Ligand SMILES: Cc1cc2nc3c(=O)[nH]c(=O)nc-3n(C[C@H](O)[C@H](O)[C@H](O)COP(=O)(O)OP(=O)(O)OC[C@H]3O[C@@H](n4cnc5c(N)ncnc54)[C@H](O)[C@@H]3O)c2cc1C
Ligand SMILES: Cc1cc2nc3c(=O)[nH]c(=O)nc-3n(C[C@H](O)[C@H](O)[C@H](O)COP(=O)(O)OP(=O)(O)OC[C@H]3O[C@@H](n4cnc5c(N)ncnc54)[C@H](O)[C@@H]3O)c2cc1C
Ligand SMILES: Cc1cc2nc3c(=O)[nH]c(=O)nc-3n(C[C@H](O)[C@H](O)[C@H](O)COP(=O)(O)OP(=O)(O)OC[C@H]3O[C@@H](n4cnc5c(N)ncnc54)[C@H](O)[C@@H]3O)c2cc1C
Ligand SMILES: Cc1cc2nc3c(=O)[nH]c(=O)nc-3n(C[C@H](O)[C@H](O)[C@H](O)COP(=O)(O)OP(=O)(O)OC[C@H]3O[C@@H](n4cnc5c(N)ncnc54)[C@H](O)[C@@H]3O)c2cc1C
Ligand SMILES: Cc1cc2nc3c(=O)[nH]c(=O)nc-3n(C[C@H](O)[C@H](O)[C@H](O)COP(=O)(O)OP(=O)(O)OC[C@H]3O[C@@H](n4cnc5c(N)ncnc54)[C@H](O)[C@@H]3O)c2cc1C
Ligand SMILES: Cc1cc2nc3c(=O)[nH]c(=O)nc-3n(C[C@H](O)[C@H](O)[C@H](O)COP(=O)(O)OP(=O)(O)OC[C@H]3O[C@@H](n4cnc5c(N)ncnc54)[C@H](O)[C@@H]3O)c2cc1C
Ligand SMILES: Cc1cc2nc3c(=O)[nH]c(=O)nc-3n(C[C@H](O)[C@H](O)[C@H](O)COP(=O)(O)OP(=O)(O)OC[C@H]3O[C@@H](n4cnc5c(N)ncnc54)[C@H](O)[C@@H]3O)c2cc1C
Ligand SMILES: Cc1cc2nc3c(=O)[nH]c(=O)nc-3n(C[C@H](O)[C@H](O)[C@H](O)COP(=O)(O)OP(=O)(O)OC[C@H]3O[C@@H](n4cnc5c(N)ncnc54)[C@H](O)[C@@H]3O)c2cc1C
Ligand SMILES: Cc1cc2nc3c(=O)[nH]c(=O)nc-3n(C[C@H](O)[C@H](O)[C@H](O)COP(=O)(O)OP(=O)(O)OC[C@H]3O[C@@H](n4cnc5c(N)ncnc54)[C@H](O)[C@@H]3O)c2cc1C
Ligand SMILES: Cc1cc2nc3c(=O)[nH]c(=O)nc-3n(C[C@H](O)[C@H](O)[C@H](O)COP(=O)(O)OP(=O)(O)OC[C@H]3O[C@@H](n4cnc5c(N)ncnc54)[C@H](O)[C@@H]3O)c2cc1C
Ligand SMILES: Cc1cc2nc3c(=O)[nH]c(=O)nc-3n(C[C@H](O)[C@H](O)[C@H](O)COP(=O)(O)OP(=O)(O)OC[C@H]3O[C@@H](n4cnc5c(N)ncnc54)[C@H](O)[C@@H]3O)c2cc1C
Ligand SMILES: Cc1cc2nc3c(=O)[nH]c(=O)nc-3n(C[C@H](O)[C@H](O)[C@H](O)COP(=O)(O)OP(=O)(O)OC[C@H]3O[C@@H](n4cnc5c(N)ncnc54)[C@H](O)[C@@H]3O)c2cc1C
Ligand SMILES: [K+]
Ligand SMILES: [K+]
Ligand SMILES: [K+]
Ligand SMILES: [K+]
């Protein structure tokens, strides 16, 4: 039947988790078609003078392949 | 001693992670008593024209059983 | 063929590990029939003035579903 | 929407798909809005002729009424 | 020495597990050369009116990279 | 009380998953006694010109050991 | 070369996940130097009349050791 | 240097966890040499009319192999 | 509130509970506000009479002073 | 910034580091802004003289162009 | 079809990781046949006055079993 | 009986894996007594102009606690 592919991306944001996820999805849309779902694999980040410097959300993005 | 039960629910929200968690907990309260804690097992979601379509947070909800 | 169900319970006891497991199984028997096996998922607990206060054993209890 | 996941173990002497079908058929007896499943484990018992009973442990997700 | 690459695909089929796996490998062959092995990561699916609707097998496909 | 042992085998077959599992169990039967249960640890395989070449199912086979 | 140490902390907040993470990082800065990165290990929490009572984020905080 | 081997056994006992572990170690001693350490992999069991029927502790037993 | 988790390995020739008690007793010597523990691993050494030393690896959580 | 992670398996008859270097060298052929790697698995093949080929499965992270 | 078996061994060496892996494979060769692949499960070791004393690599060794 | 403690360190080195492990153990010895064993949790690193820049080995170091 249909076949999907999953790519692993890492979105980042200085503001929050949702923002980091949205950033990765927005970049994905630039070159990928038929984006369907995502799975968060890891949540990490860097530390700076303001506490969190960058939130880094590692996720798998699943999209349908064309035939 | 006391015995607790853990049920697995999936809360969803178009707005964010916390909202999805709160949605699952609110639904849990409708039929379950003595809700005590929760554990997030997975964070995933669907993708749409606005990026994230639905955030889906899979969690275990622990509550005390009556004797 | 036959179908079984697994429920997740957390047995607790101030006596010890075995007692915590037994507490969960005793409560399970109150509303579940055809209890067959259990699987320990986690062993944890609270700390008191002189050591372990309450042992908490998270387990899955498997039982056969009726007709 | 809020979904719930229950854990069932389907069994069958025939094969993996049959074991999964057995669990879903029983789920349907009392659960509405069945949507997806996830296989957690595949195991089974052994007899003189090899596999006696195939056992598929799965999580079944369904939408809760609101 | 040689270097291989692994891509993550989700093969789907309404026929069964093997068919889902075969669907993923058939699509992989369309754009990937020197396909060598696969590893199943997850088996899941959707539910229909009378049982499994679509089987979905998440797998990693390993292939040798060219010069 | 009783003690069981678990051996890890990889059954293979060009036919399918069930056939691969059965191949491992058939082999275990040649030199082991009291085979009771199995647990699938991994499912993988090789690829050929027609898709799956060989299905490979990694499993643990549990059997009862004879009493002292 | 350089050597880092990782400590496990649990930040809490009644308001959200990011707030809980920031709380742990702020406490870490009180006694630790050279804070560099963090990794979320678990997200859980307590339940109250308002739904979530306390969000609890378990994280590893990595920092460089001095020589 | 030295090489060790690990075997997987499931000790059982109606008495408790420690007893189940001891049962597996006692059995390992019958045919193995240089038993050094063990690691509990899983704790499970069967259920009877009075709660736990049989405790089952799955463990890996590590032992030293004789030098070449 | 902010908590910290440390990893200790309690040991005892007696049993699992005794091993856990040993780790908690040592934790109490230098750590305040001990609240909970989580068993990470259960292992041990072997002697001529079976278990020599039971070893319980656990994480101990305690509240940090503010 | 947004990064991407690809999974490669480097191999070498020499050792672990050489296997890792092999994967990174191939990655560099088509991927820009290579930043970090994570070893997922270490395995290999066996021959008459022991290890034939060391195989290191790793994830390679790189920054995507914006 | 064909069936393989996997044994778990811990190779050790004061020299390094590769040497530890090689030690386990050399030992496996003494009593096993058709050794085909290995998988590292864990890397650990002991500590001495000069840092690492003994490297210990836990691995699974897969080999083909003879046909029925 | 005896009680041991495990600390998590990340040894780094531009020389190789063993060197990274040795760096962590050398630093550990500076403030920890009765060092006994170590367990590798992760192997990772940074990438430079011609390959691995810095190897980073995350490990747990176990040592015996004193009276
Ligand atoms: C392994 C697996 C895991 C899954 N996990 C989840 C989960 O966690 N939650 C969940 O709710 N569902 C999940 N799904 C279901 C998934 O999100 C889809 O609903 C399902 O796979 C059906 O997809 P499709 O065939 O319609 O693909 P689609 O890609 O939806 O099919 C064509 C559609 O693509 C749209 N499209 C075209 N260009 C683009 C573009 N550039 N970007 C985006 N869309 C575009 C078109 O408008 C068209 O309607 C999962 C599926 C699989 C296989
Ligand atoms: C395996 C396990 C994991 C845990 N993990 C955590 C954790 O991550 N974080 C943490 O802080 N604690 C955790 N706990 C502790 C837990 O949250 C409780 O504080 C503890 O178990 C004591 O619960 P209880 O017996 O007071 O139950 P309770 O259910 O609190 O006992 C009775 C109480 O129920 C209340 N109640 C009645 N009806 C309802 C209702 N409909 N909804 C809600 N409450 C109602 C009553 O007002 C009454 O005070 C965990 C406990 C276990 C066993
Ligand atoms: C995924 C899976 C994992 C398993 N893991 C293990 C394991 O770790 N260890 C192990 O040893 N086995 C394990 N088993 C086997 C299991 O424990 C059973 O032996 C097996 O599933 C067969 O169960 P059954 O059909 O006989 O069920 P049963 O529940 O034994 O069938 C009905 C029985 O229930 C009794 N019963 C029900 N309610 C009552 C009551 N109120 N009062 C008195 N009697 C009552 C009846 O008298 C009757 O004999 C596992 C099975 C599966 C499917
Ligand atoms: C955590 C999570 C993981 C997911 N994983 C996957 C995945 O792996 N693959 C994938 O493809 N999708 C996956 N999904 C998506 C899922 O399959 C659904 O498509 C999605 O959740 C939307 O469901 P719904 O609200 O339409 O529910 P539905 O349950 O579809 O809504 C009501 C439907 O129930 C039917 N119904 C109720 N009772 C009966 C009955 N007795 N007999 C027949 N029909 C009946 C009605 O006819 C009606 O159409 C996932 C979703 C979540 C939240
Ligand atoms: C990390 C890892 C894990 C592995 N896991 C397994 C496992 O689970 N099971 C197992 O059995 N093996 C496994 N292997 C082994 C693997 O399957 C290969 O046998 C091994 O890597 C050697 O591959 P190769 O260099 O011969 O590649 P190949 O891809 O076999 O080399 C080139 C071949 O590709 C053919 N080819 C390419 N494109 C086409 C085309 N379009 N039409 C026709 N022919 C074409 C050529 O004719 C040529 O013979 C694994 C290997 C690694 C590195
Ligand atoms: C850790 C653990 C996990 C388990 N998981 C499961 C599970 O997933 N599912 C489940 O249903 N049960 C499971 N069990 C239960 C198991 O399958 C047994 O039913 C139970 O342990 C009782 O075994 P026994 O003492 O009767 O052993 P045995 O005496 O070995 O039982 C009789 C068995 O011996 C075999 N046998 C007899 N003679 C021979 C011979 N000459 N050659 C080869 N075989 C022979 C028979 O075919 C039969 O299966 C589990 C048990 C344990 C301890
Ligand atoms: C195992 C591992 C995992 C990693 N994971 C990630 C990741 O997920 N994401 C990522 O982006 N990077 C990650 N890194 C990289 C990490 O964040 C650093 O960028 C890198 O390790 C270099 O650190 P450093 O030597 O400069 O240390 P630094 O501590 O940055 O070196 C000295 C610096 O400390 C500053 N400093 C002094 N006092 C304090 C204080 N009290 N609090 C804070 N800073 C102070 C000084 O101003 C000075 O510039 C990881 C590194 C390792 C080893
Ligand atoms: C991967 C790994 C993990 C480890 N994990 C742990 C751990 O969790 N905890 C820990 O404390 N140590 C652990 N160890 C250390 C281990 O227990 C040994 O102390 C160490 O490996 C040194 O062993 P050895 O070379 O002295 O072996 P051996 O020569 O096997 O040591 C002497 C042992 O032989 C036994 N023995 C002698 N004759 C016989 C006989 N005739 N029949 C049966 N047994 C006999 C003795 O009872 C004694 O235990 C681990 C080692 C490795 C490699
Ligand atoms: C990530 C996480 C996981 C959790 N998991 C669980 C779980 O599995 N089970 C569960 O039941 N709960 C669990 N909890 C809840 C936990 O046990 C506490 O109930 C909760 O964190 C609230 O702690 P507190 O702020 O009251 O701290 P406390 O430390 O209880 O506050 C101060 C207390 O310290 C005592 N104290 C300080 N020094 C000493 C001393 N030397 N001797 C004696 N007493 C002393 C004081 O008497 C005082 O009562 C968890 C919490 C978190 C954050
Ligand atoms: C999820 C995650 C995990 C991480 N884990 C770790 C970790 O384990 N350890 C750690 O230390 N850090 C880790 N990091 C941090 C990482 O290594 C980077 O330091 C960080 O992501 C910042 O990268 P950058 O934006 O500067 O990208 P860069 O790619 O460094 O930015 C552009 C650079 O690319 C170079 N470049 C491009 N093409 C070529 C070419 N062909 N040849 C040579 N140079 C070229 C340019 O010269 C330029 O300097 C992690 C980061 C994330 C997001
Ligand atoms: C679950 C699984 C995982 C795998 N993972 C990998 C992987 O990670 N990487 C990879 O490259 N391949 C992997 N393989 C492939 C594997 O290494 C084999 O290439 C493949 O299974 C084919 O084996 P065979 O049937 O030729 O066996 P065999 O007949 O065993 O193959 C010949 C082998 O026998 C050995 N041999 C012959 N005579 C002797 C003797 N007298 N003493 C000792 N040894 C002798 C040779 O040295 C040679 O290696 C995997 C296979 C499976 C089933
Ligand atoms: C959970 C667990 C896991 C284990 N895993 C392994 C494993 O993977 N491999 C393995 O082989 N073993 C393993 N072990 C065994 C471990 O390495 C020890 O051999 C065992 O715990 C016994 O330790 P001990 O009590 O002798 O401690 P020790 O620390 O050996 O006791 C005190 C010793 O420290 C020395 N010392 C302290 N500071 C200094 C100093 N500054 N200068 C000189 N000497 C100093 C003293 O001279 C004295 O001999 C494990 C043990 C446990 C509990
Ligand atoms: K958030
Ligand atoms: K099948
Ligand atoms: K006990
Ligand atoms: K090395």
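Heads up, the Cβs are rebuilt from the backbone with ideal geometry, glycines too, and the neighbour counts pull from every protein chain shown. Where a number appears in this text, it was derived from the coordinates with a stated rule and is not lab data.
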Next item on the list: Using only Cα atoms, tell me the angle between helix D:16-30 and the longest principal axis of chain D; keep it within 0 to 90° and round to the nearest 10.
Entry: 40
Check: Roughly how tilted is helix F:17-31, in degrees to the nearest 10 and between 0 and 90, from the longest Cα axis of chain F?
Finding: 40
Margin query: Less than 18 Å from a label point 7 Å out along the Cα-to-Cβ axis of residue H:49: which backbone N atoms in segment C:49-67 qualify, by residue?
Written below: none
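Give me a single rounded figure for L:54-60: the average over its residues of other chain Cβ atoms within 10 Å of their Cβ.
Numbers: counts 3, 5, 7, 2, 4, 3, 4.
For this peptide, the per-residue mean of nearby foreign Cβ atoms is 4.
Given Cα pairs under 8 Å that are at least 6 residues apart, what percent is the relative contact order of chain K?
Details: 133 pairs, mean separation 30.8, N = 68.
Taking the mean separation of contacting Cα pairs over the length of chain K, I get 45 percent.
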Next item on the list: Take the alpha-carbon centre of chain G, take the same for segment C:11-67, and report the distance between them in whole Å.
Entry: 31
Next item on the list: Using only Cα atoms, find the angle between the long axis of helix C:17-31 and the longest principal axis of chain C, and express it within 0 to 90 degrees, rounded to the nearest 10.
Entry: 40
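Could you work out the percent of alpha carbon pairs in chain G separated by over 15 Å, rounded to a whole number? Walk me through the intermediate numbers first.
Values: 1148 of 2211 pairs.
Of all Cα-Cα distances in chain G, 52 percent exceed 15 Å.
Is the protein assembly as shown rounded, prolate or oblate when judged by the Cα gyration tensor, a ≥ b ≥ c being the square roots of its eigenvalues, rounded requiring a/c under 1.5 and prolate requiring a/b larger than b/c? Intermediate results must be reported in sequence, preceding the final value.
Numbers: a/c = 1.00, a/b = 1.00, b/c = 1.00.
Verdict is rounded for the protein assembly as shown.
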Notebook entry, point to check: Using the per-residue mean of other Cβ atoms lying within 10 Å as a proxy for protection, in what order, highest first, do the peptides F:36-46, D:19-29, J:41-51 fall?
Noted result: D:19-29, F:36-46, J:41-51
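I'd like the Kirkwood hydrodynamic radius of chain F, using the inverse of the mean 1/r over distinct C-alpha pairs, in Å.
Numbers: mean 1/r = 0.0788 Å⁻¹.
Kirkwood radius, chain F: 12.7 Å.
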Check: Counting partner chain Cβ atoms within 10 Å of every residue's Cβ in H:11-24, what's the average?
Finding: 5
Notebook entry, point to check: Taking a spot 7 Å from the Cα of residue L:64 along the direction of its beta carbon, which residues of segment L:1-35 have an amide N less than 14 Å from it?
Noted result: L:1-5, L:33-35
Checklist line | Peptide B:26-36, shielding by other chains (average Cβ, 10 Å cutoff) | finding: 3
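Taking only Cα atoms of chain D, what ratio of Rg to Rh do you get with Rh as the Kirkwood inverse-distance radius? Walk me through the numbers on the way to the answer.
Details: Rg = 13.3 Å, Rh = 12.4 Å.
Rg/Rh for chain D comes to 1.08.
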Next item on the list: Would you mind pulling out the separation of the Cα centroids of segment K:29-68 and segment I:1-52, in Å?
Entry: 30
Check: With labels modelled as points extended 7 Å from the Cα through the Cβ direction, what inter-label distance (nm, one decimal) is found for residue H:64 paired with residue F:39?
Finding: 3.0
